[PDB]
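What follows is a single structure, written as structure tokens, with notes after it.
What follows is calculated from the coordinates using simple rules that are stated; it is not laboratory data. Note that each Cβ is placed from the backbone with ideal geometry, even for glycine, and that neighbours are counted across all protein chains shown.
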Amino acid sequence: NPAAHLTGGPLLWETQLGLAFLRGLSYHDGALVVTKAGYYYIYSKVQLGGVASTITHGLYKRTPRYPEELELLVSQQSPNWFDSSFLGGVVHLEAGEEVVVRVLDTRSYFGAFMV
Amino acid sequence: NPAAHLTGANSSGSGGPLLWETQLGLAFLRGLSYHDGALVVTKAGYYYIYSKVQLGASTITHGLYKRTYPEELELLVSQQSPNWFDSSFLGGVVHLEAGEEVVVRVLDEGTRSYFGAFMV
Amino acid sequence: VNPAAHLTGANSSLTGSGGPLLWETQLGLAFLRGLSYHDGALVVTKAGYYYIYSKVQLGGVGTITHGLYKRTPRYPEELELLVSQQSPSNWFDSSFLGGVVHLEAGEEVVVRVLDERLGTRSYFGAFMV
């Protein structure tokens, strides 16, 4: 029932409008913040294009008590020209917990929904 | 309740809106309809939608498109540039009204290709 | 509990075994909730529609099929559910599959990769919808 889609340091996103929405989840500084604890399916798609040739696209759990981010779902990819990266998966999130998208070195998005 | 998984059928330009199997094998429709390539919503609300397209400048586009207004609103799209094979997957939660339709297109226009949705 | 599971960290079954990828089921981000696990398979307890998914992290040195397959009683052959063919000096590539399938009590789903090489980089999960 809680859910969020969000559209194109951690990455940053539009949280309204049109396709962007928050619904039972907060936001601050690129991150989805969880209010109701449970299992969420979290996902992110990132469009890439260019001209280690190796890009990493990840979802990370941040907890304010701790600096260090914990990896959740992570993809590595090498490559006139376009590549798209998608990650999805289910994670147990407690109230408080935040999730961000990072990509190391419009079309893209970031989202979740409780399952 | 509402959910569907549709699997690739033999189309068919224009873009074009891919056509789908709704009943044989793994395909099914449960609380959603289908009309000429389109999943059609019946119960308003937030749906996770997805499509996977098996591909087989030289640049392919894969997208999920809403109809309501006139015209087609891009919902989710990827570009890629691949004896070759590649696969393109898109998913995400979008709000849909009873009456809205969702379709799939790929440029330079599949059996391991599919299209589906469920209410979230 | 709405049945669900997330399994992590693929590795291959014993060479010559014929078996599928094996996964971590308890530690870290891995859990099983209202599904069971047996030698690589998620085993369905409660019949219905599930969104099943798997991501596999690929990479080598110089065609790969990543699939989710169903095992059903008295059917010697694994049935395809969702499959992807990809074809990529070191390289890296990731393959994601997701989709809603109907599964009966007693049915099993496994993940395979052809050919297998190949925590957070590889995974296999599901939830009832």
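Brief remarks follow.
- Output for the range A:77-115, where each listed residue is within 20 Å of B:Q79 (Cβ to Cβ) and surrounded by fewer than 20 Cβ atoms within 10 Å (Cβ to Cβ): A:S78, A:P79, A:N80, A:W81, A:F82, A:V103, A:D105, A:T106, A:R107
- Tallying residues that are of a type outside the set (A, V, I, L, M, F, W, C) and touching a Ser or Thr at 6+ places or on another chain (Cβ under 6 Å) within the range A:25-44 yields 1.
- Residue count for the range A:1-13 satisfying the condition of being under 16 Å from the mean Cα position of the chain (by Cα) and surrounded by fewer than 16 Cβ atoms within 10 Å (Cβ to Cβ): 3.
- For the range B:41-52, the criterion of being surrounded by 20 or more Cβ atoms within 10 Å (Cβ to Cβ), of a type in the set (V, I, T) and closer than 23 Å to A:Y41 by Cα is met by at least one residue.
- When the residues of the range A:14-27 are filtered to those that are among the polar types (S, T, N, Q) and more than 22 Å from A:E68 (Cα to Cα), the one that is surrounded by the most Cβ atoms within 10 Å (Cβ to Cβ) is A:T15.
- Exclusive hit being under 25 Å from B:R30 (Cα atoms) and touching a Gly at 6+ places or on another chain (Cβ under 8 Å), set C:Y53, C:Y49: C:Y53
- Number of residues in the range A:9-19 that are within 11 Å of chain B (Cβ to nearest Cβ) and among the small types (G, A, S): the value is 1.
- Segments classed as strands (runs of 3 or more DSSP E), wholly inside the range B:20-120, with at least 3 members that are small (G, A, S) and either within 11 Å of chain A (Cβ to nearest Cβ) or farther than 20 Å from C:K55 by Cβ (or both): B:86-96
- C:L118 passes every criterion in (1) at positive phi; (2) under 12 Å from the mean Cα position of the chain (by Cα) apart from (2).
- For the range B:62-77, the tally of residues that are within 13 Å of the chain's Cα centre (by Cα) and not acidic (D, E) stands at 9.
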